Amino acid sequence: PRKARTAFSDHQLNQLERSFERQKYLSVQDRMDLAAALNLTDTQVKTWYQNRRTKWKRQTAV
DNA sequence: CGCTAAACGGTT
DNA sequence: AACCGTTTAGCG
């Protein structure tokens, strides 16, 4: 049983990208604080940051 | 299709 | 526990 695909709001995407520009890796507390501010689950933030690092590494390589 | 969220098996 | 590298798949 797969989880439904989260559709992030524009506010959530803007805040996630502002976080990522500041810090490429978050502490457990910072990750939880971001999830709470955005009404997202801890896992959805953790997964967004992980996939964001994948995209970031792709862009670094060119 | 392209982007990207979630899942897999493996690593740190 | 979280991450990595990669895959799988949802959807505009």
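Sequence-order numbering is used: residues on each chain count from 1 as written, possibly diverging from the entry numbering, and only residues with coordinates are shown. Labels are handed out in written order, letters beginning with A for the chains and numbers beginning with 1 for the ligands. Computation of side-chain values covers all heavy atoms of the structure but excludes hydrogens and water.

Judging from the entry metadata, X-ray crystallography is the method by which this structure was determined, and 1.30 Å is the reported resolution.

Visitor: Help me understand the protein's contact with DNA strand C in this model?
Guide: In the region of DNA strand C, the neighbouring residues are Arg2, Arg5, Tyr25, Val28, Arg31, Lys46, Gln50, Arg53, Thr54 and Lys57. Counting only atoms of DNA strand C within 4 Å of the protein, the sugar-phosphate share comes to 75%. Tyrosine 25 is positioned such that a nitrogen or oxygen atom in its side chain is 2.6 Å from a phosphate oxygen of DNA strand C. Here a polar contact is taken to be a pair of N or O atoms separated by no more than 3.5 Å, where protein atoms must pair a possible hydrogen donor with a possible acceptor and residues adjacent in sequence count only if both atoms sit in side chains. For DNA strand C, a phosphate oxygen lies 2.9 Å from a polar atom in the side chain of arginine 31. Throughout this document, a residue counts as near a molecule or strand when at least one of its heavy atoms sits within 4 Å of that molecule or strand.

Visitor: So what exactly am I meant to see when it comes to the protein's contact with DNA strand B here?
Guide: The local shell around DNA strand B consists of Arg2, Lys3, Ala4, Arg5, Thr6, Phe8, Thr47, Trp48, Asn51 and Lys55. In DNA strand B, the atoms that sit within 4 Å of the protein are 74% sugar and phosphate, with bases accounting for the remainder. A distance of 2.7 Å is found between a phosphate oxygen of DNA strand B and a side-chain nitrogen or oxygen belonging to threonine 6.

Visitor: In this structure, what is going on with the layout of surface pockets? I would like to understand it.
Guide: Method remark: on a 1 Å grid restricted to protein atoms, a set of points is classed as a cavity if a 1.4 Å probe fits but cannot get out and as a pocket if it is open with protein on both sides within 12 Å along at least five of seven lines; lining residues have an atom within 4 Å of a point. Grid points are joined across faces, edges and corners, and a volume is the space filled by probe spheres set on the points. The calculated volume of the largest pocket comes to roughly 540 Å³. Residue lining of the largest pocket: 15 residues in total, with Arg5, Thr6, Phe8, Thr47 and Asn51 positioned closest to the centre. It is helix α3 (residues 42-60) that contributes the most residues to the lining of the largest pocket, 7 residues altogether. We count a stretch as a helix when DSSP gives it H or I for four or more residues in a row; a strand needs E for two or more, and each element gets its number in order from the N terminus.

Visitor: Would you mind going over the UniProt feature "DNA-binding region" in chain A with me for this structure?
Guide: Following the UniProt record, one finds the feature "DNA-binding region" at residues 1-60. For residues 1-60, the helix share is 72%, the strand share is 0%, and the end-to-end C-alpha distance is 35 Å. UniProt positions are given in the numbering used here, feature names are shortened, and annotations may be inferred rather than shown by experiment.

Visitor: Would you take a moment to explain α3 for this structure?
Guide: Along an α-helix, a turn takes 3.6 residues, which lines up residues three or four apart on a common side. A helix is expected to span 1.5 Å multiplied by its residue count minus one. With 19 residues, α3 extends 27 Å from end C-alpha to end C-alpha; this agrees with the ideal 27 Å at 1.5 Å per step. The contact rule is simple, with two residues in contact once any of their heavy atoms fall within 4.5 Å. Looking at the buried residues of α3, the elements they touch are α1 (10-22) and α2 (28-38).

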